[PDB]
Amino acid sequence: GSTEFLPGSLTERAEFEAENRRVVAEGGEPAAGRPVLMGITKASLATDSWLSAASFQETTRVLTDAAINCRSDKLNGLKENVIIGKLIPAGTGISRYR
Amino acid sequence: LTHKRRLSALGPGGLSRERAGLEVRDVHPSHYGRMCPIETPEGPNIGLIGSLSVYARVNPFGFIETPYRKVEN
Amino acid sequence: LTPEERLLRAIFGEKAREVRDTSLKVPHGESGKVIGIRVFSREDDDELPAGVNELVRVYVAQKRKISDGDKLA
Amino acid sequence: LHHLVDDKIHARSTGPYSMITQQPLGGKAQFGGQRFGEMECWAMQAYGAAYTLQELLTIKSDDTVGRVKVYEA
Amino acid sequence: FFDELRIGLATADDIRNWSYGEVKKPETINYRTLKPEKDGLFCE
Amino acid sequence: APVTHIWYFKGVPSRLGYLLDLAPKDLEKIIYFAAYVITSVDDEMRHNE
Amino acid sequence: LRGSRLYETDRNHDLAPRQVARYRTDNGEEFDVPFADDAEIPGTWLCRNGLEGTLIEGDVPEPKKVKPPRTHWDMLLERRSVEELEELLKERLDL
Amino acid sequence: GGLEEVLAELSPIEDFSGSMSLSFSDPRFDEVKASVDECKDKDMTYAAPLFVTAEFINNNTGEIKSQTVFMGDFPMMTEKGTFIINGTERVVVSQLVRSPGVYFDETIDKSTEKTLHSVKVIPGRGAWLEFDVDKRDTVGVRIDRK
Amino acid sequence: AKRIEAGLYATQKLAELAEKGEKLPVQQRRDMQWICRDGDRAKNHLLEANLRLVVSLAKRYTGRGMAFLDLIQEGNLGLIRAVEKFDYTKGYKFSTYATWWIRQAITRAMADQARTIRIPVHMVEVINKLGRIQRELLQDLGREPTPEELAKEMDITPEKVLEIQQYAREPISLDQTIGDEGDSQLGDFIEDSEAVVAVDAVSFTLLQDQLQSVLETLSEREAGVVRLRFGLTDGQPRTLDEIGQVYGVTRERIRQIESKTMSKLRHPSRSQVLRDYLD
Amino acid sequence: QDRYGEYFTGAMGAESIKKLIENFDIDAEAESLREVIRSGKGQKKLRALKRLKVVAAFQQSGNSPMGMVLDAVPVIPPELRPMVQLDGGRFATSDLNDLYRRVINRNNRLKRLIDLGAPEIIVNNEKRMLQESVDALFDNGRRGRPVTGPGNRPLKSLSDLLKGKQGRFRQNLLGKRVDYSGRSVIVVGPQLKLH
DNA sequence: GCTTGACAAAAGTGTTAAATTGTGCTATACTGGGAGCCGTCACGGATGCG
DNA sequence: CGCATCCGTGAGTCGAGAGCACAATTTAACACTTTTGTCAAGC
């Protein structure tokens, strides 16, 4: 509808619902979404962190897509933190205990 | 002694350790008397490397022959 | 040479020697008696690889007794 | 059998490093460091040992300044 | 202390700005005196 | 001479192919000097003459 | 098996004095070079973009003693004289 | 023998737009340069020199420049069945390889579930030739992987 | 060839007459430009005509650390030079003259671009001569020729032969497969020889700490002359006059102070603590 | 070209694609793709969706697709491609710096050919060679047969340095060798406590 | 302690002779390469041939 | 339009193992001068 989402793209339920409820106020035309099952490989490779996706598999394709999309990575994924050398955000590493 | 009687499926013109399925490394009935079914590596090379049998001989074409006793009547 | 090293040498009157030590030293954790030595010198034939003037081989033999951690079968 | 603890015991505290990655070399021939593989990192994350993992991956491997500062400390 | 890591598509201007000098010789090191050659690879 | 990055030229899918809508087989010939491609045509001038 | 590649007290308060120059290239790109107080600044410099740059102040125009390279015409002269070339030109001009 | 077989395979040779020819024959081994333990101690290969008689013929006149040529040092096998290369004892292990020939097989299709039969001719050297039967009941051939 | 020469002279004449004005009839000018264009076209046509000879000569030098197409390109550059130098008056076929230049260009390009470490042509010639002589000797001698015999045959000292052989070495790839598997390369075994050694880097800062503190302080102001003498305060060793250029101390007095300090600082009571950092 | 030279323009090589991208409007293409997606049903809809996936990236951003054509290739610092003097005077060099050399060589030759006005065939051949050299530098063996040096082993390109199981991501970032570590055979201690 | 003075012994420039290196040239005729190609094995997904 | 080909990607973790002729550029080599330090007597 009046949303930012491209048709046919996989969007998280949280973001989908947030966008629909944000646009319904003044736009009044939410997008339609069908639940879909996806495998572990595709689910992991669809993460929002390009660092972890590149580290997992298909480094060339992941880097190409990230470059053309020009998408930045927020460094909190329990896998890019080790790459950066920053202590992980789990266990003793969270702010509360740290 | 066992090194000199080693039969390998790898090397140029042979198999690749990453491209060898179950079928090639399994024991085949024709091995009897030519390739020992016991002696073979335990690790990933299981079934790709073997040893020549005691009585086995190599045909000039490269096929392994084994001796048998002729029995008639 | 660093200023501190220069002062240390001055107080001890030690020459800034032209050569640095590169002697062959026993690897870490090794031991045993020296049994054989072989020397090849380009002067007396000794057709060594180009640029090599001397080649020295030292053989060290040690007697190992069975101990904890050794593998038997 | 030829599996004796005498020739496989080496430990390391500090030794040679790699040219490019600046990480410790591997192998008993050099002062080889043990590899802290990906599965070990998964185990550390499962424990929640954020600090031990951080020091393993930075201080003890390739934090060039951190290595010498930690030795001095 | 990093906030985020952004990837993009490098342009000619960015590549030129990254550089401290143009390489215009395939020489790496001279055969005698084993020192880097001017304007080539490994140029000081 | 300008060159095209190999990653975007052919990567299954070809990013340049999708951007311009030229088939990879046709796009391949242009890059490696195998066939000409028209960059611009003057329609107004053609109609008047 | 080992290889080799081709520690002084750092101090920021005290450093050798320096003076900054200024160069323009053919494309109008400005560059700055810190030289020592000894000066002896050259009239032309090599910039990061691979083009010769000249002083902003506009002093010491170099003589430019370079000689032009040998051309096809010079190579022709070494095997032909003007008379034969003129005859050939006259012959061709008729057609 | 193997050396004789290879030499016969190589020769005779004539140049493009043939006008003169060359050939090799009669390999010969004379004697090992050194012995086993001398080679082991001195760090040198245990080989013997090889000589082959080469004949050069001029078709225009019918000349024969026949004489022996030194082919190099051929490593030799010791009594134990090992090769001493650079003072180190080495063993060459026999290799199991699919012999050249024509091989037929059959497979059950997935779409039609018909039995489809294929044959491949595997040479020592040369283009691969293989015939096939399709699920449309047609006999085809792929020549040189075309 | 005649068309090319005519075009060259036509353009040269046009350039010469441009300076002195003297506008010519339109027909003559048009004809002159037509001659120039025809000459350029003839030059090109000859080049495409002999590209096949270029390829034929280039295909002989494969497998010597240079791409086949690069050899072809260098050969055609040499052929361009040959065309520029070809003389039709001598009456010889163009191929006879072109082959020399094509071979020269190919060999020179190989010499200048076939090695990671570039060797000048004058050394490449010596190396090639050495190789040819060695190959010739191996056939008749039967054995491996020794350095001295080669040196005598080349009228040079054996040390020169050894130096040439050392120069002949080719760098090896740093990405090999030492390990018999796709697991380790050659770069994983070459230790860095410039990495800071921890313990050493500590000992030094202890030596700089146990020296600058004690022996310097017990010497009162006599420490200053020592510090400037060896430059341990700013890494700037100073000559005697560099102290007298500002301060009023004189030359010989500074040396006397240095000698006295040197003598008295070697006392074992204060010369034993610093006696363990000599190594 | 001879009949109607001034009525059109054509070209070959990366320059033609550069011109096409320069005079290629993205908003109109995105609009047309969206209208085809909402209207079409057959394979046209799938093609439009896939094309829009790429087109929208440049439309809804501050970056232009001109980056796909390169006017200046960067060079990695020498330390990451070291020329180390091995023991005994031998030199070991990463094959990466070999690839670079080739590029430069070809890039020089072209500059010469254009300078003296070589026939178009040779210039085009040189441009194609430069394209192939750059391609192999970025990704060896992708398009054609991989470039090989001594023996027959293909050269290690830039992409190979961080591509698979080896490289940097899975060999030097996610897990690495560490100091203050040892290894040895284990035996049973029955007198030990659990800790 | 602090200077002056008379002398070898090294730090620096000048100028030559020598070694190194970068280019050019050689005229019977010669005119489209050659390495190919070897048992996963399954999985998707894009491509391109008809 | 639709089917067959073709392509990319994945594979436990540690271990042990042809030549010559110039012209231009850089280097050693020697001679000599200036700076540095050394020894002696001194009040």
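Going down the list, the sequences are from chains A, B, C, D, E, F, G, H, I and J.
Each residue of the first sequence is one higher than the one before, counting from 1172 in PDB author numbering.
Each residue of the second sequence is one higher than the one before, counting from 440 in PDB author numbering.
Each residue of the third sequence is one higher than the one before, counting from 805 in PDB author numbering.
Each residue of the fourth sequence is one higher than the one before, counting from 1024 in PDB author numbering.
Each residue of the fifth sequence is one higher than the one before, counting from 6 in PDB author numbering.
Each residue of the sixth sequence is one higher than the one before, counting from 99 in PDB author numbering.
Mapped onto PDB author numbering, the consecutive letters of the seventh sequence carry residue numbers 6 to 11, 16 to 104.
Each residue of the eighth sequence is one higher than the one before, counting from 75 in PDB author numbering.
Each residue of the ninth sequence is one higher than the one before, counting from 188 in PDB author numbering.
Each residue of the tenth sequence is one higher than the one before, counting from 245 in PDB author numbering.
The beta carbon of each residue, even a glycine, is placed where N, CA and C say it ideally should be.
Distance between beta carbons of residue 419 of chain I and residue 811 of chain C, contact taken as under 8 angstroms: Here the question's residue 811 of chain C lines up with position 7 in the third sequence. Here the question's residue 419 of chain I lines up with position 232 in the ninth sequence. 6 angstroms between Cβ atoms; contact.
Neighbour flag for residue 300 of chain I against chain E, beta carbons, 8 angstroms: The residue given as residue 300 of chain I occupies position 113 in the ninth sequence. Yes, contact with chain E.
Same chain, Cβ closer than 6 angstroms to residue 54 of chain G, five either side skipped, listed in chain order: For this step, residue 54 of chain G is matched to residue 45 along the seventh sequence. Once the five neighbours on either side are set aside, the close Cβ partners of residue 54 of chain G are 32, 62.
Beta bridge counterpart(s) of residue 32 of chain G as assigned by DSSP: On the seventh sequence, residue 32 of chain G is found 23 positions in, with the first residue counted as 1. Its beta-bridge partners are G:40, G:64.
contact_flag[the stretch 257-267 of chain I, the stretch 215-224 of chain I] where n(CB pairs < 8 angstroms) is 3 or more: no
Min CB distance residue 872 of chain C to chain J below 8 angstroms: For the purposes of this step, residue 872 of chain C is taken as residue 68 along the third sequence, with counting starting at 1. At least one chain J Cβ lies under 8 angstroms of residue 872 of chain C.
Proximal chain F residues relative to residue 1239 of chain A, where beta-carbon distance stays under 8 angstroms: Stepping through the first sequence from its first residue, residue 1239 of chain A is reached at position 68. Chain F residues near residue 1239 of chain A: 106, 113.
Coarse secondary structure for residue 176 of chain H, derived from DSSP in three states: By 1-based counting over the eighth sequence, the position of residue 176 of chain H is 102. Residue state, collapsed to three classes: strand.
Residue-chain proximity (residue 1048 of chain D, chain C), Cβ-Cβ < 8 angstroms: The residue labelled residue 1048 of chain D in the question sits at position 25 within the fourth sequence. It does not: the Cβ of residue 1048 of chain D has no partner Cβ on chain C nearer than 8 angstroms.
DSSP state of residue 474 of chain B mapped onto helix, strand, coil: To locate residue 474 of chain B, count along the second sequence from 1; it is residue 35. Looking at residue 474 of chain B - three-state DSSP - the assignment turns out to be strand.
Residue 864 of chain C beta carbon less than 8 angstroms from that of residue 843 of chain C: In the third sequence, residue 843 of chain C corresponds to position 39, counting from 1. In the third sequence, residue 864 of chain C corresponds to position 60, counting from 1. Contact: no.
Proximal residues to residue 464 of chain B (C-beta, below 8 angstroms), its chain only, five neighbours per side dropped: Translated into the one-based positions of the second sequence, residue 464 of chain B becomes position 25. Counting only Cβ-Cβ distances below 8 angstroms, and skipping sequence neighbours, we find 485, 486, 487.
Interface flag, residue 408 of chain J vs chain C, CB-CB below 8 angstroms: Translated into the one-based positions of the tenth sequence, residue 408 of chain J becomes position 164. Chain C, which has no Cβ nearer than 8 angstroms to the Cβ of residue 408 of chain J, makes this no.
Boundaries (first-last residue) of the alpha helix (DSSP H) holding residue 1259 of chain A: For the purposes of this step, residue 1259 of chain A is taken as the residue at position 88 of the first sequence. It is not in any alpha helix (DSSP H) - residue 1259 of chain A carries neither H nor E in the DSSP assignment.
Proximal residues, the stretch 76-89 of chain G versus chain J, C-beta separation under 8 angstroms: none
Inter-stretch contact at 8 angstroms, needing at least 3 Cβ pairs: the stretch 313-331 of chain I / the stretch 281-291 of chain I: no
Among J:351, J:404, J:248, nearest to residue 29 of chain E - alpha-carbon criterion: The residue given as residue 29 of chain E occupies position 24 in the fifth sequence. When each option's Cα is compared against that of residue 29 of chain E, the closest is J:351.
Continuous beta strand (DSSP E) stretch holding residue 255 of chain J: start and end: Along the tenth sequence, read from residue 1 onward, the residue named residue 255 of chain J stands at position 11. Taken as a continuous stretch (DSSP letters only), the beta strand (DSSP E) holding residue 255 of chain J covers 252-255.
Cβ separation of residue 348 of chain J and residue 31 of chain E, assumed to be a contact under 8 angstroms, to the nearest whole Å: For the purposes of this step, residue 348 of chain J is identified with residue 104 of the tenth sequence, where counting begins at 1. For the purposes of this step, residue 31 of chain E is identified with residue 26 of the fifth sequence, where counting begins at 1. Between residue 31 of chain E and residue 348 of chain J the Cβ distance is about 5 angstroms, and since that is below 8 angstroms, they are a contact.
Between the CA atoms of residue 332 of chain J and residue 6 of chain G - distance to the nearest angstrom: For the purposes of this step, residue 6 of chain G is identified with residue 1 of the seventh sequence, where counting begins at 1. For the purposes of this step, residue 332 of chain J is identified with residue 88 of the tenth sequence, where counting begins at 1. If you take the alpha carbons of residue 6 of chain G and residue 332 of chain J, they lie about 10 angstroms apart.
Cβ-Cβ separation, residue 1084 of chain D to residue 1039 of chain D (assumed contact under 8 angstroms), whole Å: On the fourth sequence, position 16 is the one that residue 1039 of chain D refers to. On the fourth sequence, position 61 is the one that residue 1084 of chain D refers to. Wrong, their Cβ atoms sit about 13 angstroms apart, outside the cutoff.
Under the three-state DSSP convention, the category residue 327 of chain J falls into: To locate residue 327 of chain J, count along the tenth sequence from 1; it is residue 83. Looking at residue 327 of chain J - three-state DSSP - the assignment turns out to be strand.
Outcome for residue 38 of chain E when other beta-carbon atoms lying within 10 angstroms are tallied against a minimum of 16: As a working mapping, residue 38 of chain E is identified with position 33 in the fifth sequence. Exposed is the call here.
Residue burial classification, residue 344 of chain J (beta-carbon count within 10 angstroms, cutoff 16): Here residue 344 of chain J refers to the residue found at position 100 of the tenth sequence. Residue 344 of chain J should be labelled buried.
Chain I within 8 angstroms of residue 101 of chain G, Cβ atoms only: Within the seventh sequence, residue 101 of chain G is the residue found at index 92, counting from 1. With 8 angstroms as the cut-off, residue 101 of chain G counts as an interface residue toward chain I.
Residue 101 of chain H in three-state terms, based on DSSP: The residue labelled residue 101 of chain H in the question sits at position 27 within the eighth sequence. If DSSP states are grouped into helix, strand and coil, residue 101 of chain H belongs with the strands.
Same chain, Cβ closer than 8 angstroms to residue 69 of chain G, neighbours up to 5 away in sequence not counted: By 1-based counting over the seventh sequence, the position of residue 69 of chain G is 60. Hits under 8 angstroms: 52.
Beta-carbon proximity list for residue 1202 of chain A, same chain, < 6 angstroms, skipping 5 on both sides: Counting from one through the first sequence, the residue named residue 1202 of chain A turns up at place 31. Closer than 6 angstroms at Cβ, skipping near neighbours: 1172, 1174, 1176.
Partner residues on chain G for residue 331 of chain J, Cβ-Cβ distance less than 9 angstroms: In the tenth sequence, counting from the first residue as 1, residue 331 of chain J sits at position 87. Neighbours of residue 331 of chain J on chain G, chain order: 6, 7, 8, 9.
Sufficient close CB pairs (3 or more, under 8 angstroms) joining the stretch 119-133 of chain H to the stretch 92-102 of chain H: yes
Inter-residue spacing [alpha-carbon to alpha-carbon] between residue 368 of chain J and residue 242 of chain I: For the purposes of this step, residue 368 of chain J is identified with residue 124 of the tenth sequence, where counting begins at 1. For the purposes of this step, residue 242 of chain I is identified with residue 55 of the ninth sequence, where counting begins at 1. Taking the straight line joining both Cα atoms gives about 16 angstroms.
Residue-level contact to chain D via CB, residue 876 of chain C, 8 angstroms cutoff: As a working mapping, residue 876 of chain C is identified with position 72 in the third sequence. Yes, residue 876 of chain C lies at the interface with chain D (some Cβ there is under 8 angstroms from its Cβ).
Complete runs of the alpha helix (DSSP H) confined to the stretch 239-272 of chain I [at least 4 residues]: 255-272
Spatially closest choice to residue 174 of chain H from H:165, H:205, H:200, by CA coordinates: Here the question's residue 174 of chain H lines up with position 100 in the eighth sequence. Nearest of H:165, H:205, H:200 to residue 174 of chain H, Cα basis: H:200.
Top-ranked residue by Cα proximity to residue 191 of chain H, from H:185, H:166, H:204, H:106: Residue mapping note: residue 191 of chain H aligns to position 117 of the eighth sequence, counting from 1. The shortest Cα separation from residue 191 of chain H among H:185, H:166, H:204, H:106 belongs to H:204.
For residue 443 of chain I, the first and last residue of its enclosing beta strand (DSSP E): As a working mapping, residue 443 of chain I is identified with position 256 in the ninth sequence. Here residue 443 of chain I belongs to no beta strand (DSSP E); instead the alpha helix (DSSP H) covers 438-452.
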